[PDB]
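Student: One structure coming up, written as structure tokens, with questions to follow.
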Amino acid sequence: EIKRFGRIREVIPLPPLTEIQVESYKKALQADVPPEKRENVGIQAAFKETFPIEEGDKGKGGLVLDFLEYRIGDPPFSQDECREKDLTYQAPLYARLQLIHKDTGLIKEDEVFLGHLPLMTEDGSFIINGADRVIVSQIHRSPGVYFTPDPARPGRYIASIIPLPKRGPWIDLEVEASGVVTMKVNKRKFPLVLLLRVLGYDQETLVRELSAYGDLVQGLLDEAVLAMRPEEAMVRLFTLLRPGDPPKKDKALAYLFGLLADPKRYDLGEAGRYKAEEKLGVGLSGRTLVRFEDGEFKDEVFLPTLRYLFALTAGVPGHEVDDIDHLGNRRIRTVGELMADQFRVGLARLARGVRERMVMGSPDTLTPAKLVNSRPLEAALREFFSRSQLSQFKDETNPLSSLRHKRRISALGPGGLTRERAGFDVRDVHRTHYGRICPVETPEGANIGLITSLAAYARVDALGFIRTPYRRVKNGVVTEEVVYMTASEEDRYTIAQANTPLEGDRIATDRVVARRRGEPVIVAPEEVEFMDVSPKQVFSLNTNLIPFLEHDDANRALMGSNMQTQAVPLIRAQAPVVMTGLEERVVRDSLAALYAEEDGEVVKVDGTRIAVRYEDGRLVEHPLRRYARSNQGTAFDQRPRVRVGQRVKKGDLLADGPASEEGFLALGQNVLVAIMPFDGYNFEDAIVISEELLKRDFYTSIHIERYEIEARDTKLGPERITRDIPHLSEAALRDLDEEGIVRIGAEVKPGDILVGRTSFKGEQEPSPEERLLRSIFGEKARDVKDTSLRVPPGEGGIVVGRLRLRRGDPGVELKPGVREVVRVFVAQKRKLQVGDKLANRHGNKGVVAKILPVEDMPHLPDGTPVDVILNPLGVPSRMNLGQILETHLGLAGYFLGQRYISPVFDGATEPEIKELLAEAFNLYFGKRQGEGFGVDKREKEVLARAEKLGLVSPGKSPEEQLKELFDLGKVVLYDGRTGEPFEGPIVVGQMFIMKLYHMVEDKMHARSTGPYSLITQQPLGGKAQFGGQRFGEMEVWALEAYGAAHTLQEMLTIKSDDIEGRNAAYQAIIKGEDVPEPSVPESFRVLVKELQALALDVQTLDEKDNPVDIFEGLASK
Amino acid sequence: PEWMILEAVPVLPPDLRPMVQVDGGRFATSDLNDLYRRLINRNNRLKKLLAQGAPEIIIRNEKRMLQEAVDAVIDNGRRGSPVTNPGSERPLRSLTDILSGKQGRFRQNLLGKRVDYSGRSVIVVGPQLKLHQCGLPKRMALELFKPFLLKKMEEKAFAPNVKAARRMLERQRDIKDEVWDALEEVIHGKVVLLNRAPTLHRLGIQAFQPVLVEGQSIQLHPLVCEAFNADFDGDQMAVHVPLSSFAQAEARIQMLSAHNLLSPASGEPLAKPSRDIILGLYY
Amino acid sequence: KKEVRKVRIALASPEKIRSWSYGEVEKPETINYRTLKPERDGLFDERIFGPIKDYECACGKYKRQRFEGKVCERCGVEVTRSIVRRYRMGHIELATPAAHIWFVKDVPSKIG
Amino acid sequence: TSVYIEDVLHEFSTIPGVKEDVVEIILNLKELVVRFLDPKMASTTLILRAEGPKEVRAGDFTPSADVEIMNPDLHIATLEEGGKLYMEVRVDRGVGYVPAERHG
Amino acid sequence: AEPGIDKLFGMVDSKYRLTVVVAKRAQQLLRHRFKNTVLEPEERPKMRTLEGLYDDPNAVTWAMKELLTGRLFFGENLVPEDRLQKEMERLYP
Amino acid sequence: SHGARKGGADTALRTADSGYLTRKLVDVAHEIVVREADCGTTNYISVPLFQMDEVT
Amino acid sequence: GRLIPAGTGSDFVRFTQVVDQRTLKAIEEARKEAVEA
Amino acid sequence: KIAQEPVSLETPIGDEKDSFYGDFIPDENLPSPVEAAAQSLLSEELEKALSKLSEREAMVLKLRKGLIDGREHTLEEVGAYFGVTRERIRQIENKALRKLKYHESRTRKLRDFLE
DNA sequence: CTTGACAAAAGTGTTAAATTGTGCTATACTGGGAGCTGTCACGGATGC
DNA sequence: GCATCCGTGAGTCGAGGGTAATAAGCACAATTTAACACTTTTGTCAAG
RNA sequence: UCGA
Ligand SMILES: [Mg+2]
Ligand SMILES: [Zn+2]
């Protein structure tokens, strides 16, 4: 059965969790959208901005290119096809433009081909270079005007302005304390009355609106300048701000024009114009500062920002300082905004590719056919999707991984902030944050608060203003209005909580929870204005999957969430028997599962393909991808859960997912858990387990790895993938099918070749001993040498994927000078080993310490032993009670088996679970009563000892006492070693855990003697690079602190890069002798010669002041 | 001081400014190369201009470019925006670029470095282990002590000589008792070191008697774990070895864990009972 | 052969620097796009800095250690290990004399 | 211990006409209990055939001497329309519990 | 801990002096294949072995007990390095 | 959550500062090592066990 | 990359020399081989 | 293929600043400790395997295979050494290499180094 | 161990075919070009 | 000497990750390299 | 970017 819980009932479900990536990108798509009627913004803005292109006026050479549509469609290859090809998933985009001569007035229209622009896949993750990647959302303070208290002046106030990043300069209204006012932009200081020159103002209008506020007149007045006129004093600051070029007149009408009036160089987001407009209490249309009207420049922006600034500084109410980190003042860069922006500037590079090319030439043969380029645009957009900070490897570690990852936002990147500049207020959580971004979930490293994750119900409009759903109310009336009230708008009304005294759709108790701006205040049935849909919105995805989360401290909660990201697939995976009930749309919106699109009936199961002929009469099927490799090597599988045939409704799940249990996310398992200090093996957040599960293969998964090799043609001539090797014995040639590659289903130890390759080594005369060695056996010197591709240590198992495409094959392109390439998957079943990372939803980590045999184990009177027995230490220090309550509900619930839905902040409580305990116990004591048993003497003993501290209420019979004890969460356990009970009760039950990504089978590495770096002979690093650890500066220091002189010396010399040191060492130990003393570390010698390149005379002396030769006979010239 | 105006510019050796290819087939190289190159370009072009009696203006300007180029091949960034590989914002790293800085040839290669005969892994509690005891991964230790096992195989029959041992090991995972118990004969006596980053107290690096145990994990005495600033939440500790018998002496004498049991800071005990122990004992 | 207990530092003079060098690097070019052999004067030149191959000359008339240090007459490469490629410097003779930005732009500014 | 099928590459690849994949059919393996009628029989072998749209169970095997199944009702795979599968297994006897990875 | 430590440290003034002692002596033991030493059959630091029980090859432990008796002698500027090292590689192969 | 998250960020950045400190310390007194058993200085500084309680 | 002036390789204690009894008296004699000269 | 130029070693990789390119390149241009001892080994093991050959044919074998001075001496030269015709030196090589072949196929010491 | 005969490996001489380096083009072209931000602390030179 | 600028720093090891794309041309002299012819050396063979 |  499934029983579930909670008081507050969600009035509306969660809008799709995949849209913030898909929809906000889709807005800049305009795919199906007609070529004529379009949105003018997004990708269409990227066109209308860079168009129309023109050089001339009516004159000798004129040219004008004007914009028409960019055919969307024709994807070259489907997702899967692109992924195996290493090609980007993309599609041709077709721009139709007209080339009109200024002179003849002859319109010559031509449609051209821009290039291949990557298109979005289904779940919202693009495929670039054959690899699934993702664009993480970006965040920055929304464009507009702002007002803060003067950082310099004690009581004064300063203003600021700014558009899209780099797409306009900063502006500041600061009053330096002269009593006069100096505006400052891009490192310079000039009077506020300076810029008013061409602004269309003079001595008059200035004092018209100057004194309308207060004492502010004088500082805004000047004499030595103001006598001048717009085109006269125009050259003043132009002479100043740019000494680089000669201060002409005509060039003061140009260089300044592009700064503001140019819509393309000042381009200001539709949101910036918006918010700043309704902010200053004025109106505007153009996204520029001032328009270019017929010579001089008119005014729109400056007058209002002056009005509001001077107002605020005067102290007239309603004009306040706009909050800095406030969500109402900060927008979100989404996929569409980003891609479209990059399209704008990249296509501007292409605009250079247009205006410049059309005059070197003859207007005779002319058409955008020859005038249009690709690489500036195509490679700009190619650059955005890879090298940028906001685009990286998709999180395929699990479905919920990519989900959450796509729902994460970073203030970092190109035009946000950077690591070097961050304060407290930067990564902090603003008062009005609330139901918008997750207050906890964030990397526990130096990125805490740096990368926040999106909340549940919170949305993002095209304006970047985040809007959290609320609920309107008029005097105790619950309205069906779902209010998306803006952050800035949220600060206005009075907002209650979802936990409000809900009864009879009316207000129950007088005093009610509520707030303004984030300030808690008790309210009355009248002043009630808004409410909350559900507390769910106050957190993110993973954070919402934690039951009784109100009992866990924020730290460990955070850890629990990001660890839910760290989760891996499980073959037998079992969804939490106690969850928050959110897992339904978790598997739906993840798009990792297969459902019924409409009403229909199953025909055939066939774990390859499930064919279901729908009620609509048409024959449709939905095949399945079974056991496919992901980015993290985490296995992707979909298990058909429907019989040979039956009829299903629309939305019913016909197939599982990498972790999906009957339409529920299954991370780990709910297996029996005990809590006690067991032989100190669980010491300090350590774990312990039982072999029993290893039999049942509870946590065991499948991991796949990507193997590849290039056939590249050498300067001595080409290589190839073949089955021949000169010296290879028949033994190693086994698994190769017929052509020199490993077949499907063959086990490979981590010595074993997958793909063989053959080359020819450069010709060098064998050393004398080698010459003779070659002579005795007469071994042919086969000019072909083995290039074969082996497998790394620790990675071994069977083989599934085998794909090889040579040069010239259908739908493939290779590198310039390569012949073939081979790619093989290696699949391996990994059972959970000793030392692996495991953790729960409540944020308690650990590693496996010594799995105990099924024999010995703290069983119960039913003889059922436990599976973990986790130590009770990390609980009080790290303060998480959620795992405790979860374990109790699992205690009473294992007997019942029914599920538990405990939504965050609303769910099971002490009385409920108490009744569950009493219930399960009644039926348990029943279980032993009719089966011919009674109270165990050992249990009598434990109850007696517990009765001393009042753990069980005295005077009551041991039956009732065990009822109480069992109710407390703890029962009687018998040591599986001795058979004797334990001095006191031990809380046990069913609790949810997880098998973390980090696996000892991988992380573990060692090297004796490997290769070295080219520059300096210092050994390599990394694992697959086969390299040793480095000894840090602090390591060195500690080593000195011990006072081990030689250990340190050998470390820095013989043991690391020393010239003959390492060699003579290997010699020594190989011969059993003792390693001699080293001479030069050899990184040192490099240092010396570097200093020589700096003409630093490097003189190494000796016991008394004499040149020592550090380089033996080396440079004596 | 006239030397500060130096005429002949020292050129760094080619192998110090490496250029070599890879499996991909393309060639790579350092930045200093390109710097040197463009420099010589300017110098030579200047030389071709001077003798032919070029106008004084172009000459002077070329000398300007000479100074700026040289000084760029030294301190690049000390004057103006540094010269970069054309089209890429990545600045060309000069001499002074490598000599100083975090990852510079100083702090990165002379005050610390990658070392041979090492490796690391996860950590697991040691309740059976003594103060001088560490669980050592099987496979790790095999590919750790490989020279030692080589000589041990030289002494103890099974293969005639040195190379035979190597090739009888690296190929075929055939870890059968010939090895598993010989490495043992070399194991006793000399001990190795364990370190848990960060290295704060010297006790962050201690030494333990190697004991080979089945697994890929690492066992360590629960009490000194505190001194290493390490809990069991999934940490990773690194292991190495004091090759020289002198350095080995050092390792077992003052470097051994069982030896320094007190705080070098507070003079108070170090490994004193922790968590569970205290719990049981007290109760 | 001798303990090094002391490390000095000083200013290298032009003549000294010349003595450090095994030759002037003329053609500012890596190698041939075909042969991958160090260019005639190219920065990677094995003819002055050191042989591309251990104990060998360039053209290959001296392939062996039987000739030690003897300069090849068909090539002009000292027959020796390629090790010297790391320890042997060059120099560039600058037409017009040029200072060094170090003691110039540094805080104390020696020359200034 | 031992399992073979004329149709498969490995422990994974999905057999047509069979709902569960191979390793799931293996989930149904170790959960199968079988006793021999002889104390002296070390190893053995078993043969299985299920064609058509009929399911597969421990009882569907080919009975023989010295073999008895204790759970004929054990579900193996739900075979869809016309699923054809051949199967064979060596069920041996030993002591304790040894994972597949430690024995060949 | 390593058996017989407290006394060892109790001998040399410098905690480090001991290390120098141990190092040099032990290395000398590896030089001659253990025929130098002042340890008799009962004092031979035998190591436990499944195969057969032999003397521990490690020079360090050997050095430990070697000084543990005190039969050795340690001092600075004891004798000129010449005759010191020349007669050591003579007596034993 | 406000308060806590603030705390966490704090501790992190402060770890970085710790690294700063320590390194700098190892670059000054590092050249100091106990050498002369007794230098022979007659100097010394007394350290009273008596600390004044403020405002008390 | 040399011997650190402190620790075991200190310029105080690295001078310490050790001899076993047999070889001790072996050299303790041969020092007197120079009394005839 | 010729088009693309050498890639800078200073190219930062990964998501960080500190992850570089240049120090990720292996140095194979120089011998390795395992290779040093391997070469020294073949040298020594063959050096002792030398004495089991006829005092004349061993010395001769050191020429034809280019051992002594490193430069291979032709049949005519070794013949001009022992005062024997080059044909003699030839059959000397046959019988020497085969006698060694007996000792090899028996001892199985140098059976390694088979690449 | 050696002599003559002879096949192939190797040496050398001379050319054809490729690769590479150089000079020049004439209506008139005559002072670039690209932007960027949300630290922080202290030490020094330098402009008040 | 008083405010205001260039200058130098800022935590440990790791796990991975990665791969890429602008620009004039034509005749001709000067060599370089590939081709070819043929002498000699050297290694093999038949048979003293 | 994520572990510790
Ligand atoms: Mg830890
Ligand atoms: Zn030569």
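FYI, nothing fancy with the structure tokens labels: chains A, B, ... in order, residues from 1 per chain, ligands from 1 as they appear.
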Counting only C-alpha atoms, which residues from chain G have an atom at most 8 Å from any atom of chain E, and could you show them as an MDAnalysis selection string?
Tutor: chainID G and resid 7:9 13:24 26:27
Student: Keeping only C-alpha atoms, take the residues you just selected and write them out as a PDB file, in the first residue's frame.
Tutor:
ATOM      1  CA  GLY G   7      67.674  18.324  11.724  1.00  0.00           C
ATOM      2  CA  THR G   8      69.573  15.059  11.423  1.00  0.00           C
ATOM      3  CA  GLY G   9      71.832  16.530   8.762  1.00  0.00           C
ATOM      4  CA  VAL G  13      75.201  16.011  14.701  1.00  0.00           C
ATOM      5  CA  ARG G  14      76.028  14.820  11.159  1.00  0.00           C
ATOM      6  CA  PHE G  15      79.657  14.515  12.257  1.00  0.00           C
ATOM      7  CA  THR G  16      78.787  11.733  14.681  1.00  0.00           C
ATOM      8  CA  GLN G  17      80.635   8.519  13.812  1.00  0.00           C
ATOM      9  CA  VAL G  18      79.843   4.949  14.868  1.00  0.00           C
ATOM     10  CA  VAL G  19      81.888   1.734  15.190  1.00  0.00           C
ATOM     11  CA  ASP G  20      81.182  -1.876  16.205  1.00  0.00           C
ATOM     12  CA  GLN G  21      83.421  -3.453  18.879  1.00  0.00           C
ATOM     13  CA  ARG G  22      85.413  -5.778  16.610  1.00  0.00           C
ATOM     14  CA  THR G  23      86.235  -3.166  13.958  1.00  0.00           C
ATOM     15  CA  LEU G  24      86.606  -0.610  16.761  1.00  0.00           C
ATOM     16  CA  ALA G  26      90.608  -3.343  14.676  1.00  0.00           C
ATOM     17  CA  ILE G  27      91.327   0.296  13.855  1.00  0.00           C
TER      18      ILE G  27
END
Student: Report as a PyMOL selection string which protein, DNA and RNA residues come within 8 Å of ligand 1, using only C-alpha atoms (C1' of nucleotides) and all ligand atoms.
Tutor: (chain B and resi 229-236) or (chain K and resi 4)
Student: Ligand 2: which residues are within 8 Å, counting only C-alpha atoms (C1' of nucleotides) and all ligand atoms? Reply as a list in words.
Tutor: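 Sorted by chain and then by number, the residues are residues 56, 57, 58, 59, 60, 61, 62, 71, 72, 73, 74, 75, 76 and 77 of chain C.
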Student: Could I get the residues of chain G with an atom no further than 12 Å from an atom of chain F, each paired with its nearest atom pair and that distance in Å to one decimal, using only C-alpha atoms, sorted by chain and residue number, as JSON lines?
Tutor:
{"residue": "G:4", "atom": "CA", "partner": "F:31", "partner_atom": "CA", "distance": 10.7}
{"residue": "G:5", "atom": "CA", "partner": "F:33", "partner_atom": "CA", "distance": 8.8}
{"residue": "G:6", "atom": "CA", "partner": "F:33", "partner_atom": "CA", "distance": 6.7}
{"residue": "G:7", "atom": "CA", "partner": "F:33", "partner_atom": "CA", "distance": 8.8}
{"residue": "G:10", "atom": "CA", "partner": "F:35", "partner_atom": "CA", "distance": 8.9}
{"residue": "G:11", "atom": "CA", "partner": "F:35", "partner_atom": "CA", "distance": 8.9}
{"residue": "G:12", "atom": "CA", "partner": "F:35", "partner_atom": "CA", "distance": 7.6}
{"residue": "G:13", "atom": "CA", "partner": "F:35", "partner_atom": "CA", "distance": 10.4}
Student: Using only C-alpha atoms (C1' of nucleotides), determine which residues lie at most 6 Å from region 48-63 of chain D, disregarding the query and same-chain residues fewer than 6 positions distant; provide the list as a PyMOL selection string.
Tutor: chain D and resi 72+74-88
Student: Could you jot down the CA of residue 43 (chain B) to CA of residue 65 (chain B) separation for me, Å, one decimal place?
Tutor: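 A separation of 8.9 Å between them.
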Student: Could you pull out the alpha helix (DSSP H) residues of region 167-265 of chain B, going by DSSP on the backbone, and write them as a PyMOL selection string?
Tutor: chain B and resi 167-170+182-187+245-253
Student: Taking only C-alpha atoms into account and nothing else, which residues of chain H lie no more than 6 Å away from chain A? Please answer as an MDAnalysis selection string.
Tutor: chainID H and resid 1 23 25:27 33 37 43 65:67 97
Student: I need the chain A residues near chain E as a list in words; criterion: at most 10 Å, counting only C-alpha atoms.
Tutor: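 Going by the stated atoms only, the list reads residues 1042, 1043, 1044, 1045, 1072, 1073 and 1074 of chain A.
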Student: Do a neighbour search on region 481-488 of chain A at 12 Å with only C-alpha atoms (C1' of nucleotides), toss out local chain neighbours closer than 6 positions, and write the hits as a ChimeraX atom specification.
Tutor: /A:10-13,275,278-279,322-331,430-437,457-461,463-474,494-495,516-518,529-534
Student: Nearest to chain B among F:11, F:18, F:43, F:1, with distances taken over only C-alpha atoms: which residue is it?
Tutor: F:18
Student: For residue 46 (chain I), find every residue with an atom within 12 Å (counting only C-alpha atoms (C1' of nucleotides)), except residues of its own chain fewer than 5 positions away, and show them as number ranges by chain.
Tutor: J: 2-6
Student: Rounded to one decimal place, report the CA of residue 352 (chain A)-CA of residue 46 (chain A) distance in Å.
Tutor: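 Spanning CA of residue 352 (chain A) to CA of residue 46 (chain A) is a straight-line distance of 14.8 Å.
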Student: DSSP on the backbone, strand (DSSP E or B) only: what residues of region 17-227 of chain B does that give? Format it as number ranges by chain.
Tutor: B: 19-21, 27-29, 84, 91, 113-114, 118-125, 134-137, 192-195, 205-208, 210-213, 218-220
Student: Output N, CA, C and O atoms for every residue in the selection just made, as a CSV table (one decimal), in the first residue's frame.
Tutor:
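The resulting again.csv:
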chain,number,residue,atom,x,y,z
B,19,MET,N,59.6,22.2,-28.1
B,19,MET,CA,58.6,22.1,-29.1
B,19,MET,C,58.5,20.6,-29.6
B,19,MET,O,59.5,20.0,-30.1
B,20,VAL,N,57.4,20.0,-29.4
B,20,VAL,CA,57.2,18.6,-29.7
B,20,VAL,C,55.7,18.2,-30.0
B,20,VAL,O,54.8,18.9,-29.5
B,21,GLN,N,55.5,17.1,-30.7
B,21,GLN,CA,54.2,16.7,-31.1
B,21,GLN,C,53.6,15.7,-30.2
B,21,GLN,O,54.2,15.3,-29.2
B,27,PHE,N,51.8,19.9,-33.4
B,27,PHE,CA,52.9,20.3,-32.6
B,27,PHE,C,52.5,21.4,-31.6
B,27,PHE,O,51.6,22.2,-31.8
B,28,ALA,N,53.2,21.4,-30.4
B,28,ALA,CA,53.0,22.4,-29.4
B,28,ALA,C,54.3,23.1,-29.0
B,28,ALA,O,55.3,22.6,-29.5
B,29,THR,N,54.2,24.1,-28.2
B,29,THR,CA,55.4,24.9,-27.8
B,29,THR,C,55.1,25.9,-26.8
B,29,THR,O,53.9,26.2,-26.5
B,84,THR,N,50.4,39.1,-27.0
B,84,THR,CA,49.8,37.8,-26.8
B,84,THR,C,49.9,37.1,-28.2
B,84,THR,O,50.1,37.7,-29.2
B,91,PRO,N,48.1,35.8,-22.6
B,91,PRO,CA,49.4,36.6,-22.6
B,91,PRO,C,50.6,35.6,-22.8
B,91,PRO,O,50.6,34.5,-22.3
B,113,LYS,N,57.4,19.7,-5.2
B,113,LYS,CA,57.4,19.1,-6.5
B,113,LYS,C,56.7,17.7,-6.5
B,113,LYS,O,56.5,17.1,-5.4
B,114,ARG,N,56.3,17.2,-7.6
B,114,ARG,CA,55.9,15.8,-7.8
B,114,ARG,C,57.1,14.9,-7.5
B,114,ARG,O,58.2,15.3,-7.8
B,118,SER,N,55.0,6.9,-5.0
B,118,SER,CA,53.9,7.4,-4.2
B,118,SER,C,52.5,7.0,-4.7
B,118,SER,O,52.4,6.4,-5.7
B,119,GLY,N,51.5,7.5,-4.0
B,119,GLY,CA,50.1,7.3,-4.4
B,119,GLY,C,49.2,7.5,-3.3
B,119,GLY,O,49.6,7.5,-2.2
B,120,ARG,N,47.9,7.6,-3.5
B,120,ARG,CA,46.9,7.8,-2.5
B,120,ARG,C,45.6,7.1,-2.6
B,120,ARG,O,45.3,6.5,-3.6
B,121,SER,N,44.8,7.3,-1.6
B,121,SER,CA,43.5,6.6,-1.6
B,121,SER,C,42.5,7.0,-0.4
B,121,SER,O,42.9,7.9,0.3
B,122,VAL,N,41.4,6.4,-0.3
B,122,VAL,CA,40.4,6.8,0.7
B,122,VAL,C,40.9,6.3,2.1
B,122,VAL,O,41.9,5.6,2.1
B,123,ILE,N,40.2,6.6,3.1
B,123,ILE,CA,40.6,6.2,4.5
B,123,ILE,C,39.5,5.4,5.2
B,123,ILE,O,38.3,5.7,5.0
B,124,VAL,N,40.0,4.4,6.0
B,124,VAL,CA,39.1,3.6,6.8
B,124,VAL,C,39.7,3.4,8.2
B,124,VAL,O,40.9,3.4,8.3
B,125,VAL,N,38.8,3.3,9.2
B,125,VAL,CA,39.2,3.3,10.6
B,125,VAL,C,40.0,2.0,10.9
B,125,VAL,O,39.8,0.9,10.4
B,134,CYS,N,49.4,0.8,9.6
B,134,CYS,CA,48.6,1.4,8.5
B,134,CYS,C,48.1,0.4,7.5
B,134,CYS,O,48.9,-0.4,7.0
B,135,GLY,N,46.8,0.3,7.2
B,135,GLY,CA,46.3,-0.5,6.2
B,135,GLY,C,46.8,0.0,4.9
B,135,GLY,O,46.6,1.1,4.5
B,136,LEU,N,47.6,-0.9,4.1
B,136,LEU,CA,48.1,-0.5,2.8
B,136,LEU,C,47.5,-1.4,1.7
B,136,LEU,O,47.5,-2.6,1.8
B,137,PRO,N,46.9,-0.7,0.7
B,137,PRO,CA,46.3,-1.4,-0.4
B,137,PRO,C,47.3,-2.4,-1.0
B,137,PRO,O,48.5,-2.1,-1.3
B,192,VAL,N,56.6,3.4,6.2
B,192,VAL,CA,56.3,4.5,5.2
B,192,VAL,C,55.5,5.7,5.9
B,192,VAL,O,55.3,5.6,7.1
B,193,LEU,N,55.2,6.7,5.1
B,193,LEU,CA,54.6,7.9,5.7
B,193,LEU,C,53.2,8.1,5.1
B,193,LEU,O,52.9,7.8,3.9
B,194,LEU,N,52.3,8.7,5.9
B,194,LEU,CA,51.0,9.1,5.4
B,194,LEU,C,50.7,10.6,5.8
B,194,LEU,O,51.1,11.1,6.9
B,195,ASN,N,50.1,11.3,4.8
B,195,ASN,CA,49.8,12.7,5.0
B,195,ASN,C,48.4,13.0,4.5
B,195,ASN,O,47.9,12.5,3.5
B,205,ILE,N,51.7,14.9,8.8
B,205,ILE,CA,52.4,13.8,8.2
B,205,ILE,C,53.0,12.9,9.2
B,205,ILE,O,53.9,13.4,10.0
B,206,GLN,N,52.6,11.7,9.3
B,206,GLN,CA,53.2,10.8,10.3
B,206,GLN,C,53.7,9.5,9.5
B,206,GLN,O,53.6,9.4,8.3
B,207,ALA,N,54.3,8.6,10.3
B,207,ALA,CA,54.9,7.4,9.7
B,207,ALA,C,54.4,6.2,10.4
B,207,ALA,O,54.2,6.2,11.6
B,208,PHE,N,54.1,5.1,9.6
B,208,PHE,CA,53.5,3.9,10.1
B,208,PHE,C,54.1,2.7,9.5
B,208,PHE,O,54.6,2.7,8.4
B,210,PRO,N,54.0,-0.5,7.5
B,210,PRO,CA,53.1,-1.0,6.5
B,210,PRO,C,52.6,-2.4,6.8
B,210,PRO,O,53.4,-3.3,7.1
B,211,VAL,N,51.3,-2.5,6.7
B,211,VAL,CA,50.7,-3.9,6.8
B,211,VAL,C,49.7,-4.0,5.7
B,211,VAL,O,48.7,-3.3,5.6
B,212,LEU,N,50.0,-5.0,4.8
B,212,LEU,CA,49.2,-5.2,3.6
B,212,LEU,C,47.9,-5.8,3.9
B,212,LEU,O,47.8,-6.9,4.6
B,213,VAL,N,46.8,-5.2,3.5
B,213,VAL,CA,45.5,-5.7,3.7
B,213,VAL,C,44.7,-5.8,2.4
B,213,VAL,O,45.0,-5.0,1.5
B,218,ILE,N,42.5,2.5,2.8
B,218,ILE,CA,43.6,2.7,3.7
B,218,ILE,C,43.2,2.8,5.1
B,218,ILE,O,42.3,3.5,5.5
B,219,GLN,N,43.8,1.9,6.0
B,219,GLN,CA,43.4,1.9,7.4
B,219,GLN,C,44.4,2.7,8.2
B,219,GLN,O,45.6,2.7,7.9
B,220,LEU,N,44.0,3.4,9.2
B,220,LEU,CA,44.8,4.2,10.1
B,220,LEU,C,44.3,4.2,11.5
B,220,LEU,O,43.1,4.2,11.7
Student: Tell me as a PDB file with C-alpha atoms (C1' of nucleotides), in the first residue's frame which residues belonging to chain I come within 10 Å of chain C, counting only C-alpha atoms (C1' of nucleotides).
Tutor:
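To be explicit, this is the file written out as part-v9.pdb:
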ATOM      1  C1'  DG I  43      53.880  50.409   0.348  1.00  0.00           C
ATOM      2  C1'  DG I  44      55.942  54.020  -2.591  1.00  0.00           C
ATOM      3  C1'  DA I  45      56.220  57.722  -5.707  1.00  0.00           C
TER       4       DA I  45
END
Student: Excluding residue 45 (chain J) and its own-chain neighbours fewer than 5 positions away, which residues fall within 12 Å of it when counting only C-alpha atoms (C1' of nucleotides)? Please give them as a list in words.
Tutor: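 So the residues in contact are residues 87 of chain H; 4, 5, 6 and 7 of chain I.
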Student: Could you check the closest approach to chain G for each of B:66, B:279, B:111, B:203 and tell me which residue wins, using only C-alpha atoms?
Tutor: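 Residue with the minimum atom-to-atom distance to chain G: B:111.
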